[PDB]
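Beneath this line is the structure, given in structure tokens, with notes to follow.
Every residue, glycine as well, gets a Cβ built from its backbone with ideal geometry; the counts of neighbours run over all protein chains shown. FYI, it's all coordinate maths here, none of it is from the lab.
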Amino acid sequence: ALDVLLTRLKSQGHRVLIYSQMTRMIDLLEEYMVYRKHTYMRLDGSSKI
DNA sequence: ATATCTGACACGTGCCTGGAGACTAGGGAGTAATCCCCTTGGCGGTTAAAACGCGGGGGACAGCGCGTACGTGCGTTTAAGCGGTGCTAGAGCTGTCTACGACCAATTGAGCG
């Protein structure tokens, strides 16, 4: 469902934030977002100030 | 029955440990020149080596006796907790002086006459 929404939103040109609960889920989201070369950034609480 | 508790279970950031990248420039690795060394090896004043004849004393008893062992008495030993509360390291920060850097003199080793 997320991939069809990101292809929807990328075709429309809108800027998007993705929220998740788990850092292990954010790893999965990042490996997807890298694989589809979407451009990506992450700021888990283990990121430095 | 109910309030609310003790996991479940996770991502918050702290700390330091611990890795790999790109730089200088300290120093390691490559080399002759050449000397001076570890090493080979004959020389005879000096002591390892073993008898004979021999001196110093090692050896095996008998038993006396100044000390040594057991293991309980009895009064002196440390144990023991937990009161107060001064010491004690943390640790935060100077406030410099002290040992370690930067520039160049008295004294030394090398050259051979």
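Descriptive notes on the structure:
- The residues of the range A:17-33 that are over 13 Å from A:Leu6 (Cβ atoms) and more than 10 Å from DNA strand B (Cβ to nearest atom), listed by number, are A:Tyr19, A:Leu28, A:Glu30, A:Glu31.
- Conditions (1) of a type in the set (A, V, I, L, M, F, W, C); (2) within 14 Å of DNA strand B (Cβ to nearest atom); (3) surrounded by 12 or more Cβ atoms within 10 Å (Cβ to Cβ); number of the one not met by A:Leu6: (2)
- Candidate set: the range A:11-28, residues that are in a helix (DSSP H, G or I) and free of Cβ contacts under 8 Å to residues at least 12 places away in the same chain; chosen: the one surrounded by the most Cβ atoms within 10 Å (Cβ to Cβ): A:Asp27
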